[PDB]
Amino acid sequence: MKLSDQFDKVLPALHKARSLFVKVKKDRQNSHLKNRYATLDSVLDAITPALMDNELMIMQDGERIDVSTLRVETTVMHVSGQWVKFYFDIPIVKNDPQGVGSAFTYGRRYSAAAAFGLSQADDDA
Amino acid sequence: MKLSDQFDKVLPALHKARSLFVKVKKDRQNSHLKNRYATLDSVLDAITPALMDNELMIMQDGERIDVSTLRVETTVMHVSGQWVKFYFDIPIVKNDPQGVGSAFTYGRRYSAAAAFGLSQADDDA
Amino acid sequence: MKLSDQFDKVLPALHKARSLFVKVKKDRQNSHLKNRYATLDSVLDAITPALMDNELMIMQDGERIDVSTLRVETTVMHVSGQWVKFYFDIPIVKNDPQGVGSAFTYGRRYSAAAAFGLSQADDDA
Amino acid sequence: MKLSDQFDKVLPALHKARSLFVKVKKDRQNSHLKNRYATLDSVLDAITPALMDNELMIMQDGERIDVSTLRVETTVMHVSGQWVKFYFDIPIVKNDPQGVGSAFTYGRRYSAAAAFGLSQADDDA
Amino acid sequence: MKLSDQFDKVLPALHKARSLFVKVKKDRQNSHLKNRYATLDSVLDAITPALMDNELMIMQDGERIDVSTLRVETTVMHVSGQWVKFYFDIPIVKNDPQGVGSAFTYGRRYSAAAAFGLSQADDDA
Amino acid sequence: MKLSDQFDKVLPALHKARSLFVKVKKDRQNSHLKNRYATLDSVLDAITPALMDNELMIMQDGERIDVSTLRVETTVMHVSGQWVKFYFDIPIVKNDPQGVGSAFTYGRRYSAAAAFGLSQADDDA
Amino acid sequence: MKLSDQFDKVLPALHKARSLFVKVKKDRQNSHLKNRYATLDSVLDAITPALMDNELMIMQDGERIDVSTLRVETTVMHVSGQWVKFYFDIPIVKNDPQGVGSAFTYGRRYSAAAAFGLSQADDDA
């Protein structure tokens with residue numbers, strides 16, 4: 001984790017998003033859904049709708065530190081320039097454009113979910 | 001454990017969460033449940049509901065120090081910028097995106113549970 | 001991620017694009033489409049229409065750091081000169097002009113989509 | 001053992017917990033129970049109920065110094081910032097997420113019990 | 001043995017515990033009991049009842065200096081911050097969580113008993 | 001032998017214990033007992049009853065300098081902080097918790113007995 | 001032999017013990033006893049009765065300089081802090097707790113007897 005030079009604007013806005021969030025973490029559980037995956041829903045319409053209202057960004061560098069594993073740097077930005085960086089890396093298997101692309105999205109889901117409290121356990125197949 | 005430069009705001013708020021917490025640790029045990037796992041419930045609706053009310057965050061970096069084991073850095077933040085870092089690492093078996101993802105959530109559960117007193121023994125299968 | 005010397009103009013304009021965006025991320029999901037690929041639509045008529053209205057650019061260097069993998073540097077520019085750089089690399093297979101060209105576009109889609117929140121999971125074939 | 005810079009607040013509060021404690025150590029022994037294990041009860045409803053009333057915390061880092069053995073750092077915090085660190089490590093057998101998780105809880109029980117006087121001998125199976 | 005910077009408060013309180021102690025060492029021997037083990041009774045209800053009344057603590061670090069033997073640091077604390085450290089180590093046999101746990105309690109019994117005069121010979125099986 | 005910085009209080013009190021002692025050394029021999037062992041009686045009710053009355057302590061570190069032999073540091077403390085250290089080591093045979101425990105008590109008996117004049121020859125089986 | 005910093009109190013008291021001693025050395029020989037061993041009597045009721053009356057101590061460190069031989073440091077103390085150290089070492093045979101214990105007492109008898117004039121020849125079996 002790398003905090004920016006200042007944290008007096010991004011943090012208060014980030015909390016305001018939490019108190020208004022309707023994400024799968026809270027105010028969404030029901031007796032119908034049993035296994036939640038949301039490979040795309042975790043950011044498609046889950047956190048982005050309120051994050052943007054709170055003058056925040058969702059944006060993810062995909063630098064590859066090593067060939068074996070692809071590093072993912074999930075970051076959230078504020079207009080004032082403050083940010084907080086989350087790191088998480090995912091291994092590659094087939095080492096071709098199709099494989100790395102499918103691994104990049106998986107790493108994105110884990111990093112963003114962990115940085116915002118979303119479980120995304122997906123223990124079962 | 002890495003304390004921040006100051007601790008005079010995050011700590012008092014953290015305690016206030018404990019006195020109001022209704023987590024599985026206290027005020028929840030009954031004569032019906034016998035084995036508690038809460039692979040997702042430990043943070044889904046257990047601690048987050050009161051932590052956010054106490055101006056706190058739940059957020060978890062997933063840096064991999066070594067290929068053999070994935071390091072998990074569970075952190076709780078305050079608006080004022082104070083924080084307390086918890087470290088815990090979980091080994092990898094199959095070293096592919098599916099395996100590392102399922103190991104990351106397991107490490108998250110152990111780190112957060114230990115940092116907040118939740119047993120999460122899960123001795124039995 | 002490499003921020004420029006100043007960030008007080010590009011960032012506010014970037015957010016204004018998000019609040020007015022009609023991208024596939026939001027205000028576009030329906031009950032007809034099930035699997036979204038948008039190999040060309042992600043930038044053809046999805047983000048560019050509003051980005052240009054907000055005095056921004058979409059422009060992508062294709063430097064090859066190593067023969068094994070082609071590096072893609074996706075950048076967004078403002079008239080004032082501020083910018084934010086996104087990095088992402090994609091491996092090459094056949095190492096001929098046809099193969100590298102098809103890999104370059106794939107890397108472009110992943111980098112831009114991740115830097116703007118678009119899922120672009122494309123898990124299925 | 002690592003004492004903090006100051007000890008004039010955490011210690012007096014810690015003793016007040018002891019004089020009011022109703023833990024298995026005292027004021028709990030009976031003629032019915034013969035073998036006490038409390039794999040979860042040692043912290044579930046045994047010490048936490050009074051520790052929190054005395055403005056204290058129960059929180060446990062799980063750093064792994066070496067692959068062979070997992071180190072456990074059991075700590076108790078006060079609002080004023082004072083703390084006292086207890087160290088205890090537990091060996092690993094199967095070196096997979098399931099095994100390390102079950103070893104972590106065992107090490108937690110031994111460290112906390114010893115730091116608070118609880119026997120937790122568990123000599124028999 | 002490591003004495004603290006000052007010893008003018010912990011020592012007088014420690015003696016007051018001895019003069020009021022009803023431990024198995026004195027004022028407890030009878031003509032019925034012949035072999036005394038007190039694997040748990042040595043601290044369960046033997047010394048703790050009076051030690052706490054004399055503003056003292058019983059608390060035991062379990063650091064492992066070497067894999068072969070587990071070191072036990074039995075310490076008694078006072079509110080004023082003074083302390084006296086007792087060292088004693090116990091070898092490990094099976095080098096797994098079950099074995100080390102049962103060895104830790106055995107080492108605790110020997111260290112505390114010797115530091116307070118309790119025989120705990122247990123020569124016979 | 002390691003004397004403390006001062007010896008003007010512990011020594012006079014130590015002698016007063018000798019003049020009032022009713023230990024097996026003196027004022028106890030009879031025509032009935034022939035072979036004296038007192039594996040536990042040497043400190044159980046022999047010297048402790050008068051030592052505590054003379055503001056003294058009986059307390060024994062069990063540091064292991066080497067695996068072959070276990071070192072025993074028998075010490076007697078005064079409220080004023082003065083002390084006198086006695087050293088004596090006992091070899092280990094089976095190098096397991098049961099063996100070391102039974103050797104520790106044997107070394108304790110020899111060290112304390114020699115430091116107080118008690119014979120404890122135990123030449124016969 | 002190691003004399004203390006001062007010798008103007010312990011020595012005069014030591015002589016006074018000799019002039020009043022009724023040890024086997026003098027004022028005890030008869031025509032009945034022929035072979036004198038006093039494995040325990042040499043200190044049990046022979047010298048201690050008068051030594052304590054002369055404000056002296058009998059106390060014996062058992063440090064082991066080498067595994068082959070056990071060193072015995074027989075010392076006599078005065079309230080004023082003066083002392084005189086006698087050294088004598090005894091070899092070990094079986095190198096187990098039983099053997100070393102029986103050798104320690106033998107070395108104690110030789111050192112004390114020689115430092116006080118007692119013959120303790122024990123030439124015959």
# chains A, B, ... in the order shown; residues from 1 in each chain; ligands from 1
$ calpha_fit_and_write --fixed "chain B" --moving "chain E" --output "short mmCIF file (atom, residue, chain, number, x, y, z; two decimals) with C-alpha atoms, in the first residue's frame"
data_model
loop_
_atom_site.label_atom_id
_atom_site.label_comp_id
_atom_site.auth_asym_id
_atom_site.auth_seq_id
_atom_site.Cartn_x
_atom_site.Cartn_y
_atom_site.Cartn_z
CA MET E 1 2.35 -4.90 13.15
CA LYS E 2 3.01 -1.36 11.87
CA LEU E 3 1.33 1.48 13.74
CA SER E 4 0.94 4.82 11.99
CA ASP E 5 2.54 8.09 13.09
CA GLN E 6 -0.48 8.84 15.30
CA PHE E 7 -2.99 6.63 17.08
CA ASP E 8 -5.25 9.03 19.03
CA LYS E 9 -8.26 8.82 16.68
CA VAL E 10 -8.35 5.37 15.06
CA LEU E 11 -8.00 3.51 18.36
CA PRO E 12 -10.89 5.20 20.24
CA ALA E 13 -13.16 4.67 17.24
CA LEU E 14 -12.05 1.04 16.98
CA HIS E 15 -13.06 0.35 20.59
CA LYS E 16 -16.44 2.01 20.07
CA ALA E 17 -17.04 -0.55 17.32
CA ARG E 18 -16.25 -3.38 19.74
CA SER E 19 -18.69 -2.17 22.39
CA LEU E 20 -21.44 -1.95 19.74
CA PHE E 21 -20.41 -5.04 17.76
CA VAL E 22 -22.92 -7.87 17.44
CA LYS E 23 -20.40 -10.13 15.72
CA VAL E 24 -20.30 -13.90 16.14
CA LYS E 25 -17.72 -13.30 18.89
CA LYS E 26 -20.37 -12.08 21.35
CA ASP E 27 -24.12 -11.54 21.62
CA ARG E 28 -24.64 -14.12 18.85
CA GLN E 29 -23.96 -17.59 20.27
CA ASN E 30 -27.02 -19.84 20.50
CA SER E 31 -27.88 -23.47 21.22
CA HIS E 32 -28.66 -24.22 17.55
CA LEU E 33 -25.40 -23.49 15.72
CA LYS E 34 -22.56 -25.89 16.54
CA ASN E 35 -19.89 -25.45 13.83
CA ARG E 36 -19.26 -21.94 12.50
CA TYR E 37 -17.37 -21.34 9.25
CA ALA E 38 -18.60 -18.01 7.82
CA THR E 39 -16.22 -18.08 4.87
CA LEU E 40 -18.07 -14.99 3.61
CA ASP E 41 -20.20 -13.96 6.60
CA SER E 42 -17.16 -12.90 8.65
CA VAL E 43 -17.06 -9.59 6.74
CA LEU E 44 -20.20 -9.71 4.61
CA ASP E 45 -22.59 -8.64 7.38
CA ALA E 46 -20.64 -9.32 10.60
CA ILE E 47 -18.10 -6.54 11.23
CA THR E 48 -18.55 -4.15 8.31
CA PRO E 49 -22.01 -2.91 9.43
CA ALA E 50 -20.60 -1.35 12.60
CA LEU E 51 -17.07 -0.57 11.38
CA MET E 52 -18.36 1.86 8.75
CA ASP E 53 -20.61 3.51 11.33
CA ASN E 54 -17.41 4.17 13.32
CA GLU E 55 -15.64 5.91 10.41
CA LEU E 56 -13.39 2.95 9.60
CA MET E 57 -12.48 0.92 6.52
CA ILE E 58 -11.83 -2.71 5.66
CA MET E 59 -9.29 -3.11 2.88
CA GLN E 60 -6.75 -5.78 2.04
CA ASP E 61 -3.64 -5.69 -0.13
CA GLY E 62 -2.64 -8.99 -1.72
CA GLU E 63 1.07 -8.57 -2.46
CA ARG E 64 3.00 -11.76 -3.26
CA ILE E 65 6.42 -11.56 -1.61
CA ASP E 66 7.36 -15.03 -2.89
CA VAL E 67 5.93 -17.50 -5.38
CA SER E 68 5.59 -20.18 -2.71
CA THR E 69 3.36 -18.10 -0.41
CA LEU E 70 1.00 -15.18 -1.00
CA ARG E 71 1.21 -12.38 1.56
CA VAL E 72 -1.97 -10.68 2.75
CA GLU E 73 -1.88 -7.22 4.35
CA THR E 74 -5.19 -6.54 6.09
CA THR E 75 -5.55 -2.87 7.02
CA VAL E 76 -8.17 -0.67 8.66
CA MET E 77 -8.17 3.04 7.87
CA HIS E 78 -9.63 6.16 9.46
CA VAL E 79 -10.60 9.41 7.78
CA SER E 80 -7.81 11.17 9.70
CA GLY E 81 -5.25 8.90 8.00
CA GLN E 82 -4.33 6.65 10.93
CA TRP E 83 -4.11 2.91 10.32
CA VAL E 84 -2.93 -0.41 11.75
CA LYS E 85 -1.47 -3.11 9.51
CA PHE E 86 -1.93 -6.86 10.00
CA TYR E 87 0.20 -9.37 8.10
CA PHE E 88 -0.54 -13.00 7.31
CA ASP E 89 0.52 -15.25 4.44
CA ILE E 90 -1.07 -18.36 2.95
CA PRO E 91 0.72 -20.98 0.81
CA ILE E 92 -0.24 -21.75 -2.78
CA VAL E 93 -0.73 -25.26 -4.18
CA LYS E 94 -1.66 -25.21 -7.87
CA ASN E 95 -0.11 -21.82 -8.72
CA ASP E 96 -2.80 -20.84 -11.23
CA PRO E 97 -5.38 -18.04 -11.13
CA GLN E 98 -8.12 -20.28 -9.73
CA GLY E 99 -5.96 -21.61 -6.91
CA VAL E 100 -4.45 -18.29 -5.87
CA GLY E 101 -7.89 -16.66 -5.81
CA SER E 102 -9.28 -19.29 -3.45
CA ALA E 103 -6.17 -19.03 -1.26
CA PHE E 104 -6.41 -15.23 -1.11
CA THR E 105 -9.89 -15.30 0.41
CA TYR E 106 -8.81 -17.92 2.95
CA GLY E 107 -5.89 -15.77 4.05
CA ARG E 108 -8.17 -12.75 4.27
CA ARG E 109 -10.53 -14.59 6.62
CA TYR E 110 -7.74 -15.68 8.97
CA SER E 111 -6.06 -12.26 9.13
CA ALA E 112 -9.22 -10.24 9.73
CA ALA E 113 -10.64 -12.75 12.21
CA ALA E 114 -7.44 -12.80 14.28
CA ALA E 115 -7.13 -9.00 14.24
CA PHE E 116 -10.68 -8.68 15.64
CA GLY E 117 -10.84 -11.65 18.02
CA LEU E 118 -13.04 -13.90 15.88
CA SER E 119 -12.04 -17.52 16.43
CA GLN E 120 -12.56 -18.97 12.94
CA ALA E 121 -10.96 -22.19 14.16
CA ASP E 122 -12.70 -24.39 11.56
CA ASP E 123 -10.87 -27.39 13.00
CA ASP E 124 -13.34 -29.85 11.45
CA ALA E 125 -13.85 -30.30 7.72
#
$ select_by_dssp --residues "stretch 17-118 of chain A" --states "helix (DSSP H, G or I)" --output "JSON, numbers by chain"
{"A": [17, 18, 19, 20, 41, 42, 43, 44, 48, 49, 50, 51, 52, 53, 97, 98, 99, 100, 101, 102, 103, 104, 105, 106, 107, 108, 109, 110, 111, 112, 113, 114, 115, 116]}
$ select_by_dssp --residues "stretch 19-120 of chain B" --states "strand (DSSP E or B)" --output "PyMOL selection string"
chain B and resi 56+59-62+69-78+83-91
$ decode --residues "stretch 96-120 of chain G" --atoms "N, CA, C and O atoms" --output "PDB file, in the first residue's frame"
ATOM      1  N   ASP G  96      25.298 -39.313  34.699  1.00  0.00           N
ATOM      2  CA  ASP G  96      23.850 -39.211  34.775  1.00  0.00           C
ATOM      3  C   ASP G  96      23.474 -38.618  36.121  1.00  0.00           C
ATOM      4  O   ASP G  96      24.295 -38.581  37.042  1.00  0.00           O
ATOM      5  N   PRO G  97      22.238 -38.140  36.267  1.00  0.00           N
ATOM      6  CA  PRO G  97      21.885 -37.397  37.489  1.00  0.00           C
ATOM      7  C   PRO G  97      22.187 -38.146  38.774  1.00  0.00           C
ATOM      8  O   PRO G  97      22.608 -37.529  39.759  1.00  0.00           O
ATOM      9  N   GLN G  98      21.980 -39.463  38.798  1.00  0.00           N
ATOM     10  CA  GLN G  98      22.271 -40.227  40.006  1.00  0.00           C
ATOM     11  C   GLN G  98      23.760 -40.208  40.324  1.00  0.00           C
ATOM     12  O   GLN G  98      24.155 -40.005  41.478  1.00  0.00           O
ATOM     13  N   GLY G  99      24.603 -40.418  39.312  1.00  0.00           N
ATOM     14  CA  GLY G  99      26.035 -40.465  39.556  1.00  0.00           C
ATOM     15  C   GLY G  99      26.606 -39.126  39.982  1.00  0.00           C
ATOM     16  O   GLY G  99      27.405 -39.052  40.918  1.00  0.00           O
ATOM     17  N   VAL G 100      26.209 -38.053  39.299  1.00  0.00           N
ATOM     18  CA  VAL G 100      26.748 -36.736  39.616  1.00  0.00           C
ATOM     19  C   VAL G 100      26.323 -36.309  41.013  1.00  0.00           C
ATOM     20  O   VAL G 100      27.086 -35.658  41.735  1.00  0.00           O
ATOM     21  N   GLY G 101      25.096 -36.646  41.410  1.00  0.00           N
ATOM     22  CA  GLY G 101      24.647 -36.303  42.750  1.00  0.00           C
ATOM     23  C   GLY G 101      25.485 -36.964  43.827  1.00  0.00           C
ATOM     24  O   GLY G 101      25.847 -36.335  44.825  1.00  0.00           O
ATOM     25  N   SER G 102      25.807 -38.244  43.639  1.00  0.00           N
ATOM     26  CA  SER G 102      26.603 -38.957  44.631  1.00  0.00           C
ATOM     27  C   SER G 102      28.054 -38.499  44.615  1.00  0.00           C
ATOM     28  O   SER G 102      28.740 -38.586  45.639  1.00  0.00           O
ATOM     29  N   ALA G 103      28.537 -38.014  43.472  1.00  0.00           N
ATOM     30  CA  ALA G 103      29.884 -37.464  43.407  1.00  0.00           C
ATOM     31  C   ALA G 103      29.953 -36.078  44.028  1.00  0.00           C
ATOM     32  O   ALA G 103      30.983 -35.709  44.599  1.00  0.00           O
ATOM     33  N   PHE G 104      28.874 -35.303  43.919  1.00  0.00           N
ATOM     34  CA  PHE G 104      28.871 -33.952  44.468  1.00  0.00           C
ATOM     35  C   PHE G 104      29.026 -33.979  45.981  1.00  0.00           C
ATOM     36  O   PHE G 104      29.803 -33.205  46.549  1.00  0.00           O
ATOM     37  N   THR G 105      28.288 -34.866  46.652  1.00  0.00           N
ATOM     38  CA  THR G 105      28.396 -34.966  48.103  1.00  0.00           C
ATOM     39  C   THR G 105      29.790 -35.414  48.521  1.00  0.00           C
ATOM     40  O   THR G 105      30.331 -34.930  49.522  1.00  0.00           O
ATOM     41  N   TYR G 106      30.388 -36.341  47.772  1.00  0.00           N
ATOM     42  CA  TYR G 106      31.736 -36.793  48.099  1.00  0.00           C
ATOM     43  C   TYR G 106      32.733 -35.647  47.999  1.00  0.00           C
ATOM     44  O   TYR G 106      33.588 -35.477  48.876  1.00  0.00           O
ATOM     45  N   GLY G 107      32.637 -34.848  46.937  1.00  0.00           N
ATOM     46  CA  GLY G 107      33.523 -33.705  46.805  1.00  0.00           C
ATOM     47  C   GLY G 107      33.301 -32.679  47.897  1.00  0.00           C
ATOM     48  O   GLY G 107      34.247 -32.045  48.370  1.00  0.00           O
ATOM     49  N   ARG G 108      32.046 -32.497  48.307  1.00  0.00           N
ATOM     50  CA  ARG G 108      31.752 -31.573  49.394  1.00  0.00           C
ATOM     51  C   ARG G 108      32.437 -32.006  50.680  1.00  0.00           C
ATOM     52  O   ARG G 108      32.994 -31.177  51.408  1.00  0.00           O
ATOM     53  N   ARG G 109      32.402 -33.305  50.979  1.00  0.00           N
ATOM     54  CA  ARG G 109      33.004 -33.798  52.211  1.00  0.00           C
ATOM     55  C   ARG G 109      34.509 -33.565  52.223  1.00  0.00           C
ATOM     56  O   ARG G 109      35.074 -33.162  53.245  1.00  0.00           O
ATOM     57  N   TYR G 110      35.176 -33.822  51.096  1.00  0.00           N
ATOM     58  CA  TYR G 110      36.624 -33.654  51.046  1.00  0.00           C
ATOM     59  C   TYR G 110      37.020 -32.189  51.172  1.00  0.00           C
ATOM     60  O   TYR G 110      37.962 -31.856  51.900  1.00  0.00           O
ATOM     61  N   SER G 111      36.315 -31.300  50.472  1.00  0.00           N
ATOM     62  CA  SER G 111      36.675 -29.886  50.496  1.00  0.00           C
ATOM     63  C   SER G 111      36.485 -29.292  51.885  1.00  0.00           C
ATOM     64  O   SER G 111      37.384 -28.634  52.420  1.00  0.00           O
ATOM     65  N   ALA G 112      35.312 -29.506  52.483  1.00  0.00           N
ATOM     66  CA  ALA G 112      35.039 -28.938  53.797  1.00  0.00           C
ATOM     67  C   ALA G 112      35.963 -29.522  54.857  1.00  0.00           C
ATOM     68  O   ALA G 112      36.460 -28.799  55.727  1.00  0.00           O
ATOM     69  N   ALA G 113      36.202 -30.833  54.801  1.00  0.00           N
ATOM     70  CA  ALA G 113      37.057 -31.469  55.796  1.00  0.00           C
ATOM     71  C   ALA G 113      38.477 -30.926  55.726  1.00  0.00           C
ATOM     72  O   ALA G 113      39.106 -30.669  56.758  1.00  0.00           O
ATOM     73  N   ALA G 114      39.001 -30.746  54.512  1.00  0.00           N
ATOM     74  CA  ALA G 114      40.362 -30.252  54.360  1.00  0.00           C
ATOM     75  C   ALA G 114      40.480 -28.792  54.777  1.00  0.00           C
ATOM     76  O   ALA G 114      41.502 -28.389  55.339  1.00  0.00           O
ATOM     77  N   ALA G 115      39.447 -27.993  54.514  1.00  0.00           N
ATOM     78  CA  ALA G 115      39.467 -26.584  54.878  1.00  0.00           C
ATOM     79  C   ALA G 115      39.312 -26.358  56.374  1.00  0.00           C
ATOM     80  O   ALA G 115      39.512 -25.229  56.833  1.00  0.00           O
ATOM     81  N   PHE G 116      38.964 -27.393  57.139  1.00  0.00           N
ATOM     82  CA  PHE G 116      38.759 -27.265  58.575  1.00  0.00           C
ATOM     83  C   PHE G 116      39.612 -28.239  59.377  1.00  0.00           C
ATOM     84  O   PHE G 116      39.442 -28.330  60.598  1.00  0.00           O
ATOM     85  N   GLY G 117      40.519 -28.969  58.728  1.00  0.00           N
ATOM     86  CA  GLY G 117      41.441 -29.842  59.417  1.00  0.00           C
ATOM     87  C   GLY G 117      40.960 -31.261  59.616  1.00  0.00           C
ATOM     88  O   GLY G 117      41.762 -32.117  60.011  1.00  0.00           O
ATOM     89  N   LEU G 118      39.687 -31.545  59.360  1.00  0.00           N
ATOM     90  CA  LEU G 118      39.184 -32.900  59.527  1.00  0.00           C
ATOM     91  C   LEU G 118      39.883 -33.847  58.562  1.00  0.00           C
ATOM     92  O   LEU G 118      39.998 -33.562  57.366  1.00  0.00           O
ATOM     93  N   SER G 119      40.346 -34.981  59.086  1.00  0.00           N
ATOM     94  CA  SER G 119      41.113 -35.921  58.277  1.00  0.00           C
ATOM     95  C   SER G 119      40.280 -36.471  57.127  1.00  0.00           C
ATOM     96  O   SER G 119      40.583 -36.238  55.951  1.00  0.00           O
ATOM     97  N   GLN G 120      39.214 -37.201  57.451  1.00  0.00           N
ATOM     98  CA  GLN G 120      38.374 -37.849  56.445  1.00  0.00           C
ATOM     99  C   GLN G 120      39.219 -38.665  55.470  1.00  0.00           C
ATOM    100  O   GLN G 120      39.013 -38.635  54.256  1.00  0.00           O
TER     101      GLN G 120
END
